[PDB]
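One structure is given here, and the rest of the page talks about it.
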Protein chains: 2
Amino acid sequence: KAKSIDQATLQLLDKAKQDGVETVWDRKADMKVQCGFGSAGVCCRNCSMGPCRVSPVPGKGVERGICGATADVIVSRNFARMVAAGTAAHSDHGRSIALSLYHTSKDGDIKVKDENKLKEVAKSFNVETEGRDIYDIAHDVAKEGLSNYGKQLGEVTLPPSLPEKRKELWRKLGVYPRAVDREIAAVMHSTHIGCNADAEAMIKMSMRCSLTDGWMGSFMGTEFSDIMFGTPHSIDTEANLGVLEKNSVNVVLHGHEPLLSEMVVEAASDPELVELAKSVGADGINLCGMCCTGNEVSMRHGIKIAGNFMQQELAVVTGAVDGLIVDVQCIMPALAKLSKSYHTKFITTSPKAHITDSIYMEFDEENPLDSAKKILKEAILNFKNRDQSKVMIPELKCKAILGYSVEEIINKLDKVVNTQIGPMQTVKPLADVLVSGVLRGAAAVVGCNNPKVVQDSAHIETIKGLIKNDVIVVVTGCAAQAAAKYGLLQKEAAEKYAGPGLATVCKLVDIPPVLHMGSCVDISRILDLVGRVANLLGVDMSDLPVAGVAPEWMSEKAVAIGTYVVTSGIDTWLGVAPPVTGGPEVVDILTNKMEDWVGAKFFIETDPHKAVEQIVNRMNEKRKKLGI
Amino acid sequence: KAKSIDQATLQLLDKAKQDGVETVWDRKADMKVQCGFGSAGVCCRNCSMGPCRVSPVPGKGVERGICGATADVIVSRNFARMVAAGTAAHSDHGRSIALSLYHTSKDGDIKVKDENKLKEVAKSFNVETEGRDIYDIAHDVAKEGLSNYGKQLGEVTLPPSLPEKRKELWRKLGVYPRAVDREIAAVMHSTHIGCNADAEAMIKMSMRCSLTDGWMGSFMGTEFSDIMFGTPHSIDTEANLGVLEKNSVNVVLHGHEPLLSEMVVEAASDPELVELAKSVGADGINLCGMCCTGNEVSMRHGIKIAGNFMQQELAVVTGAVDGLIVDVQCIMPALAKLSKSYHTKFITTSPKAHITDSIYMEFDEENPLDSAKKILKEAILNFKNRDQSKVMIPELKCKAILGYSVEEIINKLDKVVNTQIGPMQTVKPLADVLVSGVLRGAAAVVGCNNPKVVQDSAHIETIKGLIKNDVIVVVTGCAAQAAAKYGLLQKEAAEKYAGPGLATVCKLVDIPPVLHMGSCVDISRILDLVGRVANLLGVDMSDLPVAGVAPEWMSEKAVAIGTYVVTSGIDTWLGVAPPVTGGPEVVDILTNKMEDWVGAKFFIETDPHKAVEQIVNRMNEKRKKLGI
Ligand code: SF4
Ligand code: SF4
Ligand code: SF4
């Protein structure tokens with residue numbers, strides 16, 4: 001089968017074959033037929049009595065592990081641990097952001113750039129703002145956010161966009177969230193040998209844990225990032241590997257933590273570093289981003305996006321990356337080995353993400369700007385080691401428009417508001433187009449790449465099908481970057497791919513049919529948006545014609561995201577089967593019984609066209625339930 | 001191979017074969033040859049690009065996972081997740097204890113029974129005590145303990161017995177602990193795909209996480225349990241399955257959390273329940289404990305111990321267990337199936353541990369005594385369903401002495417203190433016998449059973465070898481219960497098994513050669529003891545001739561325990577190989593490089609006699625280093 005639908009990706013794969021280096025596709029081929037027990041989730045290693053593998057087919061073979069655990073128990077515990085790991089990644093990101101907020105000052109490297117957003121957040125956290133210094137408010141808000149992570153007494157703080165009905169449903173179900181780290185610890189405790197051996201209770205614990213990701217960790221990370229670095233607005237950028245410059249220093253920012261990439265962007269305008277780039281024979285400094293850190297700097301500053309997850313290696317294959325600076329998460333360790341075949345300096349910066357044989361330059365949060373400057377200086381000085389005979393940059397780049405935060409979307413919707421009617425600054429125009437049926441619904445396309453799927457194929461096919469069916473699409477993460485590379489993040493795309501209702505809406509509001517809402521933590525924005533719509537219509541989020549899709553997901557973070565999206569009341573389609581087919585009870589809970597609990601459920605569909613059809617049918621069913 | 005060295009265990013295995021019921025041994029046999037990849041730790045399932053298996057033999061076969069992770073990376077992440085799971089189990093136990101402390105009242109079900117212990121703990125937590133109400137002090141202490149779990153700013157609180165040198169070494173190494181749930185979340189975050197791919201850093205993160213178990217979670221759980229339920233003192237009890245009564249109601253308490261078992265013990269003396277037991281035709285109520293909850297109630301009240309981990313099923317096989325009340329952890333789910341073959345009521349009580357097809361009676365912490373009375377009444381009423389023709393109780397039980405908390409040990413040591421010299425109430429006599437060489441050292445024997453080892457064989461052989469070599473032995477958990485069943489927890493054992501120096505010490509102090517220090521969380525007591533000795537000698541804990549042994553461990557909790565014991569500076573022998581042989585770098589870190597870091601290291605030895613020899617040699621070389 002084809003490795004990708006992206007032509008630049010294919011050219012660089014040919015180059016990697018010529019250079020004798022191996023990619024993620026080569027390692028996937030080397031893995032051959034993957035273990036059936038692990039693929040079905042019926043393998044357990046939770047204690048040293050094991051490893052235990054039970055039959056994925058009930059009634060045949062070994063039925064129980066040594067402790068007596070059934071296939072359903074093993075599957076449910078494995079699923080819960082995936083959710084806990086994803087929640088941990090997102091919560092650690094949000095915790096770093098909250099600490100950065102706590103360390104803001106007027107004359108420091110980290111300031112408050114959006115005071116209005118900070119005051120609204122302070123209102124949401126019961127922090128007084130009138131007649132107060134802005135940094136005192138910021139510190140109080142950071143304290144409340146940090147308490148959300150580890151409070152042992154009392155209730156956590158949740159955003160006002162979350163409907164009261166959803167909160168009450170969670171409380172009745174027993175999944176109402178506690179402090180984030182406490183829920184992660186609870187999930188890890190209940191999967192220990194000889195604890196929870198009941199699939200339904202295990203799934204409910206995992207949902208409870210995922211809620212602390214969706215509504216607390218990711219939400220606080222996003223809102224505090226907006227406070228410190230600015231709320232995203234409509235902004236132009238370029239996407240795909242063609243953004244690399246042969247005649248300039250190329251600095252590629254990979255990872256998830258935004259403070260480092262923000263400081264690197266600021267350092268790139270330093271006169272001394274620009275002069276240094278000129279002195280090593282380069283035209284200038286060309287910052288390019290990848291994955292979620294690329295999404296953040298692109299949403300807030302228009303930094304060009306070099307590529308998504310499965311392109312990271314190919315960025316090095318060009319031979320033009322002088323410095324690849326990585327913080328945490330979704331950083332293929334093979335990059336270190338790959339960096340030996342080129343001049344590239346592979347720089348790790350976080351104590352959480354040491355990588356063997358990489359150059360470690362710890363990013364100092366006490367002096368973020370100076371630390372970023374020294375890291376960037378190492379990248380710039382590496383330009384002298386460039387071998388221009390090994391350089392091949394495909395001439396394939398695509399224009400994209402992004403920056404669609406909830407605030408930006410509301411500002412755009414204000415155009416189609418009659419002044420004599422109003423109100424302004426609400427999601428009411430979006431609610432109106434959804435209720436009238438001009439738009440059939442809204443769908444979130446999120447997730448990673450996965451060698452099991454032709455890279456970016458499922459993302460593009462799902463998005464095109466949805467917008468052709470007058471479903472407005474919001475995108476995050478690597479799916480958003482696939483849309484950017486393909487050319488869907490363009491106003492012109494409205495008349496090229498969208499159906500009649502969505503084309504009319506795009507023309508009236510002057511937006512692309514596909515709205516890039518940011519990184520994987522920025523999925524919280526989507527929740528926020530949906531919540532607002534629900535609160536405007538006086539219904540729960542499970543009554544709306546909305547859906548989420550993860551066509552090509554790979555990470556534990558994706559599992560946690562899908563779990564909290566379903567738990568919030570939004571049906572979720574998974575384009576890659578999770579390792580649960582071995583447990584019939586777990587499959588039945590996730591795809592059938594979940595609808596009785598939270599009004600939504602998982603759909604597993606590896607065919608994107610069938611997924612689009614199912615999404616449209618489900619949205620029409622919910623519309624008929626709602627009367628619209 | 002023999003299944004056990006215990007004769008009562010063998011008789012009940014014959015009965016289980018005659019009854020056509022499966023045991024843990026039968027399921028272990030059914031599992032046959034366990035997966036080599038999982039056994040070596042070279043299998044990874046951390047993302048849905050996998051499952052990935054790399055060769056346990058370097059230089060052959062597949063070398064890297066799909067993301068590029070090496071065998072060392074996969075092994076180190078798997079080990080770290082085991083540590084995180086064990087830390088989560090212990091920390092959740094301690095968190096429940098702290099919450100119970102927070103709800104103590106003068107006229108409530110949960111009171112303060114050891115005010116002196118509470119005042120000393122309050123001193124350790126910087127809580128004022130002079131001229132204050134005892135329950136105000138208790139609530140402040142509980143608040144400080146709870147803050148240890150989830151504080152995001154500042155430093156955690158550690159017991160005064162921990163040497164300053166050990167803390168400084170931890171700070172220099174980068175493993176100084178943070179809040180417990182924060183460290184669990186950090187480990188889970190760094191094992192996520194594309195985060196940490198460096199074995200040394202991964203092992204250091206796991207050590208940092210395990211410290212929050214050893215010195216914060218388990219320590220606080222133990223000390224708060226002492227405050228609420230009484231400090232253990234020397235007390236007599238009986239051990240092994242013979243403690244069951246044919247003519248009495250048999251109520252078996254299995255699990256770890258002590259509040260439920262304490263309330264059940266209190267409810268058993270209720271006049272209405274005793275009258276009800278008489279009216280259902282029984283002579284009375286016979287409470288028996290298993291595993292750690294049995295250890296707690298036995299340490300504090302002399303409740304008879306029915307058996308350790310791999311005996312739990314056999315307790316039901318007797319046909320005499322009218323009620324089996326379980327809370328969390330090390331509860332084989334197969335019990336639910338097994339109790340169908342008998343009249344036994346298998347009662348789950350904790351929302352953390354639901355077991356399918358068991359009778360769920362949620363233990364209400366708000367009204368603990370009434371809830372315990374209701375559960376106990378269900379067990380008593382089940383006596384009418386006893387089938388006395390199916391009853392077979394082995395006439396095999398053994399006298400044991402336990403209750404050796406640090407306070408009790410100090411009280412015993414006061415006997416050999418010359419009044420004209422002093423001081424009293426110190427560990428000084430123990431330090432003196434260790435320094436003079438009358439005792440060669442002290443060894444902690446802890447851990448579970450494991451079907452991979454003849455049950456209780458390794459525990460007994462290791463203990464007998466150590467005490468024969470004039471090494472005083474402290475025991476916890478299932479190892480302590482194996483010692484109890486065998487008969488080592490007896491004063492007479494001093495003249496039957498101990499060497500000359502240990503026999504003299506036992507005669508002078510009037511103690512058994514093997515000291516039962518309580519449950520698995522009570523391993524913190526051992527740390528406390530060692531710390532005091534170190535603080536009395538002005539040395540670090542790694543300079544002492546001390547060691548820990550886990551001859552037959554199975555649980556993730558055991559992994560976390562061994563990790564924090566080594567990190568504290570105490571060499572640890574493992575009688576069951578952990579899944580790390582696939583990663584040569586991880587093996588080298590755990591067994592060789594750890595000594596450079598923390599002055600102690602792991603020893604993997606499956607032969608108990610060889611383990612005793614190695615322990616004696618290591619203790620002698622540490623003595624020669626210390627000059628004693
Ligand atoms: S999933 Fe289990 S059975 Fe399959 S290779 Fe991995 S450890 Fe072995
Ligand atoms: S927890 Fe149970 S099923 Fe899992 S490895 Fe241990 S004995 Fe086997
Ligand atoms: S994290 Fe890497 S090694 Fe582990 S399953 Fe995913 S791709 Fe394979």
Side-chain angles (χ1 to χ4, degrees), chain A residues 24 27-28 30-31 33-54 56 62-71 73-75 77-78 81-82 85 191-197 309-310 329-334 448 450-452 554-556 579 582, chain B residues 24 27-28 30-31 33-54 56 62-71 73-75 77-78 81-82 85 191-197 309-310 329-334 448 450-452 554-556 579 582:
Chain A
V24 58
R27 293 189 300 282
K28 172 64 169 60
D30 298 328
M31 202 56 67
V33 181
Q34 290 176 300
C35 172
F37 297 104
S39 301
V42 283
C43 172
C44 187
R45 298 195 304 265
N46 288 15
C47 84
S48 64
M49 293 194 288
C52 295
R53 44 194 180 191
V54 297
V62 180
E63 312 293 66
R64 295 172 173 262
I66 295 169
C67 70
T70 59
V73 173
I74 298 169
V75 168
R77 294 190 304 191
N78 290 337
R81 287 209 172 172
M82 298 188 75
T191 56
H192 185 282
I193 168 64
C195 298
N196 198 79
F309 178 68
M310 279 179 62
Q329 297 175 26
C330 308
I331 298 147
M332 293 180 194
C448 337
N450 188 316
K452 293 165 180 184
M554 70 87 186
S555 65
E556 288 163 319
Chain B
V24 57
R27 292 190 300 283
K28 172 64 169 60
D30 299 325
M31 202 56 67
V33 180
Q34 292 177 295
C35 172
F37 297 104
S39 301
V42 283
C43 172
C44 186
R45 298 195 304 265
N46 287 17
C47 85
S48 65
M49 292 194 289
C52 295
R53 44 195 180 191
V54 297
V62 179
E63 312 294 68
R64 297 171 172 262
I66 295 169
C67 70
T70 59
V73 172
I74 297 169
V75 168
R77 294 189 305 191
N78 289 337
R81 286 210 173 169
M82 299 188 74
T191 56
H192 184 281
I193 168 64
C195 296
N196 190 80
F309 178 68
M310 278 179 63
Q329 298 177 24
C330 308
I331 298 148
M332 291 178 188
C448 338
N450 189 316
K452 294 164 179 187
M554 71 88 185
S555 65
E556 286 164 322

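For ligands, and for the atoms within them, numbers begin at 1 and follow the listed sequence. First the proteins, then the strands, lettered A, B, ... as listed; each starts at 1. Computed from heavy atoms alone, side chains included, the values below leave out hydrogens, waters and symmetry copies.
At a threshold of 4.5 Å between non-hydrogen side-chain atoms, the residues A:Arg53 and A:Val62 do not count as touching. Between B:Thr191 and B:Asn196, every side-chain heavy-atom pair lies at or beyond the 4.5 Å cut-off. Considering only heavy atoms from C-beta on, A:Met332 comes within 4.5 Å of A:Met310 through its side chain.
Annotation for ligand 1: atoms under 4.0 Å from non-hydrogen atoms of A:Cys35 are 1 (S), 3 (S), 4 (Fe), 5 (S).
B:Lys28 places no side-chain N or O within 3.5 Å of a backbone atom of A:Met49 that could act as its donor or acceptor partner. Although no hydrogens or angles enter the test, the distance criterion places a donor-acceptor pair under 3.5 Å between the side chain of B:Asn78 and the main chain of B:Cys43.
Contact shell of ligand 2 (protein heavy atoms, cutoff 4.0 Å): A:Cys44, A:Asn46, A:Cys47, A:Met49, A:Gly50, A:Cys52, A:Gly65, A:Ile66, A:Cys67, A:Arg77, A:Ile193.
A salt bridge is absent between B:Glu556 and A:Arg77: the closest approach of a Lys/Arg side-chain nitrogen to an acidic carboxylate oxygen does not fall below 4.0 angstrom.
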